[PDB]
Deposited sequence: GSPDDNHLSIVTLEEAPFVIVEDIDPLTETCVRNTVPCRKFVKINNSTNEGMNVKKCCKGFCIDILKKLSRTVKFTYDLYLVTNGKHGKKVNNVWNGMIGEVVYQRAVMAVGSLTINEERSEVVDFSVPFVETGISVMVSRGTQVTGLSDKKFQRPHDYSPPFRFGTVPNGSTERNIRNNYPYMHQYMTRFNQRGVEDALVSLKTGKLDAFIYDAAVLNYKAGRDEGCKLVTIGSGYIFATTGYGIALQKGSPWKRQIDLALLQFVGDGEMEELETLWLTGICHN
């Protein structure tokens, strides 16, 4: 059982999805094949797999694991939600794909937290992350724990801040800071790109989100206007099914890459910034 169904999700620079050379339907070298299921219409379960091409930091990790641990894979993009959220006690997203056995593993910008570890096994972390805050340079806030976020209406004017809902960041704020959570829902953003535009154009004062992605974006920012000022340190991990026989070797391989220098090379390749 060496041929593994593996689910991922687009999030640059961890996973980047591009269109396949339309003449050849062949993925250029340095990218791997990935499929996405695309519905014919909204009144039907009918749809077709579109052949795409995948690259990025996590993709490269996958290629390394594939060689070291000796499996082949069929990669696909999740279509039922994003990273993972429990809805009416049912997991969607990549986590869902693993919990309900449609995938052997999930690879990508997938944060390790307690509630997800209850339902999946996680590898060792291979990218360090947590919750950060991105602001326009000059903005004075101490961090997630500041009273400008915790008690926003103590101040005049109240800070405008938000996140992308339905991921690990929002889950964490919901459990820890109930007043902050309900205030923020007004400013929640569809995605990171929307959020950066809001920041740059004075429509948002702060954006709270995954630390790994924010650091990357800050480092690539035109002008170095957007800066980050890490709460709940964790990391990204490979998600596997509970009691997975692949966990042992994957963990060892990931730790080998840290000690070999292979991880440092990937970091330089993909996550280097100017700022």
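Gaps without C-alpha coordinates occur at 1-4, 234-237, 284-285, with positions taken along the deposited sequence from 1.
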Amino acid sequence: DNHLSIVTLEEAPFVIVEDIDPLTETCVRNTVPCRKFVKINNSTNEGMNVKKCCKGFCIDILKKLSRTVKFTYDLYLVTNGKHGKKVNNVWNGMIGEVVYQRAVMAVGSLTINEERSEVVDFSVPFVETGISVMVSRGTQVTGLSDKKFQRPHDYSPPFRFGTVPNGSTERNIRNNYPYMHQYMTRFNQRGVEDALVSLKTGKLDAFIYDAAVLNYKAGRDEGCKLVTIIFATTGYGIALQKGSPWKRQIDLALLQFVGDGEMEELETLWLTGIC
From here on, numbers count along this sequence of modelled residues.
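Per-stretch averaging of Cα B factors for 27-35 and 206-214 places 27-35 on top. The stretch with the higher mean CA B factor, choosing between 72-80 and 146-154, is 146-154.
Ranking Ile40, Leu240, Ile229, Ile61 by the C-alpha B-factor listed in the PDB entry places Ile229 at the top. In the PDB entry, the Cα temperature factor peaks, among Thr129, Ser109, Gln189, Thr139, at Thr139. Placement of the Cα temperature factor of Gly235 within the chain: lowest third of the modelled residues, per the deposited record. For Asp251, the recorded CA B-factor ranks within the lowest third of the chain. Only modelled residues enter the ranking.
Placement of the Cα temperature factor of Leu4 within the chain: middle third of the modelled residues, per the deposited record. For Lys85, the recorded CA B-factor ranks within the lowest third of the chain. Only modelled residues enter the ranking. In this PDB entry, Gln101 carries a Cα temperature factor that places it within the highest third of its chain's modelled residues.
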